[PDB]
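Presented as structure tokens, the chain that follows is alone, the form deposited in one PDB entry.
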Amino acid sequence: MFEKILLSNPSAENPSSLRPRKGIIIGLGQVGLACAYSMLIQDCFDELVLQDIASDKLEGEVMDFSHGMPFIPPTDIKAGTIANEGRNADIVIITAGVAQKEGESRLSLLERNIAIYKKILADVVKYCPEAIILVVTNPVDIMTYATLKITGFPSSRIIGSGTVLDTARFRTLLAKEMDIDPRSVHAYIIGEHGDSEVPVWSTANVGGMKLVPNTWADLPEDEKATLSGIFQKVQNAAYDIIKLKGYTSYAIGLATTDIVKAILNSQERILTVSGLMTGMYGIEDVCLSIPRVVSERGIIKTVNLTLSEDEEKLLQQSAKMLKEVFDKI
């Protein structure tokens, strides 16, 4: 019908059946919904699958997303599962998890979320063998290492959100202090995501210049107070979001979207994602956040940072405690 409006051309060939850039978000709580809303507005995928337990809410959220799509670039948003709608997805973003019950042990919450991952990752290994797994569930360093051991995927394709969020705020706050384009600053926050993450002051760089030209002790007193207050501001912000709101959703959603951009657009961009440590600083068999080149096939290269003696000791201490916690599980 409608041939009186638009007359079809008989010589026109059928459109190509191109493979869509395809993602799936597992766990559609506040974090997963924030990721979905951002990735839809920023047009990350051609097809986006949302997987959670069958409820009217999940379907209502999907229909809410679908009804607003005309205002943004198109995306085939839908509810589904890995084994069905989500087969051969390019990126699998896992935000699924459960909240710590009243009086529950930290090891008990880990074993509960790890059990949740084992059921999830079994479908990912079977139906998304070539996919990159982006882990967001906390603690992200433990869950990223568990995902690596459960899946058996190449370590390059098991990626955790890590300290990407705090590093970006660290970079932006430092550039704001100096009235300069934030893309001119290379300052990394590495290690275990949380209160023990390490700012790499020794290699912090602004447009080629070292923020610490010699050693930290040689810096003027006012610069040491200003630089230390900037990193403290980053840690205060992450803590206060959990204290005032209970959790982060919008910030981690934007950081997760940014990681997806580097992967899908093959940007070869430096990101402090969480990933397997393989020999650097004598650290093995654990996941930490280190600046890495991220592209279509995941973690392609690692920035071979030379840490100061104090910075490296903090990193190896975090690696020791993370290996101990995982051995207890």
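In this text, residue numbers run from 1 along the sequence as written. The term rigid core refers to the maximal set of C-alpha atoms that superpose within 1.5 Å between the two forms.
> Given the B-factors recorded for C-alpha atoms, which segment has the greater mean, 271 to 279 or 64 to 72?
That would be 271 to 279.
> Select between 115 to 123 and 170 to 178 the stretch whose C-alpha atoms have the higher average B-factor in the entry.
Stretch with the greater average CA B-factor: 115 to 123.
> What's the residue among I189, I252, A99, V234 with the greatest CA temperature factor in the PDB record?
Of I189, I252, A99, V234, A99 has the highest C-alpha B-factor.
> Quiz for you: based on the deposited Cα B-factor, which of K78, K210, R106, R183 is highest?
Out of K78, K210, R106, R183, the record gives the largest C-alpha B-factor to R106.
> State the tercile, meaning the lowest, middle or highest third, of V325 with respect to the CA B-factors recorded for its chain.
According to the entry, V325 has a C-alpha B-factor in the chain's highest third.
> Tell me, lowest, middle or highest third: where does the Cα B factor of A83 rank within its chain?
Tercile = highest for this residue's CA B-factor.
> Consider only the C-alpha atoms of the modelled residues in this chain, order them by B-factor as the entry records it, and name the third containing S202: lowest, middle or highest.
For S202, whose C-alpha B-factor we compare with every modelled residue in the chain, the answer is the highest third.
> Which third, lowest, middle or highest, does the CA B-factor of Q42 fall in along this chain?
For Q42, whose C-alpha B-factor we compare with every modelled residue in the chain, the answer is the lowest third.
> Looking at the temperature factor on the CA atom of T248, which third of the chain's modelled residues does it land in?
Middle third of the chain for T248's C-alpha B-factor.
As for the form deposited in another entry, it is not shown, yet the points below apply to it.
> Tell which of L219, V125, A83, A251, after superposing on the rigid core, has its C-alpha displaced by 2 Å or more between this form and the one not shown, please.
Of all the options, the C-alpha that shifts by at least 2 Å belongs to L219.
> For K149, decide whether the Cα shift between this form and the one not shown is 2 Å or greater, given a superposition on the rigid core.
No, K149 moves less than 2 Å.
> Is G103 among the residues whose Cα moves by 2 Å or more between this form and the one not shown after superposition of the rigid core?
It does shift by 2 Å or more.
> Please state whether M178 has a C-alpha shift of 2 Å or more between this form and the one not shown, with the rigid core used for the fit.
Yes.
> Note whether the distance between the C-alpha atoms of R269 and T172 decreases (closer) or increases (farther) in that other deposited form, against the displayed form; the change is 3 Å or more.
Relative to the displayed form, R269 and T172 move farther apart in that other deposited form - a change of at least 3 Å between their C-alphas.
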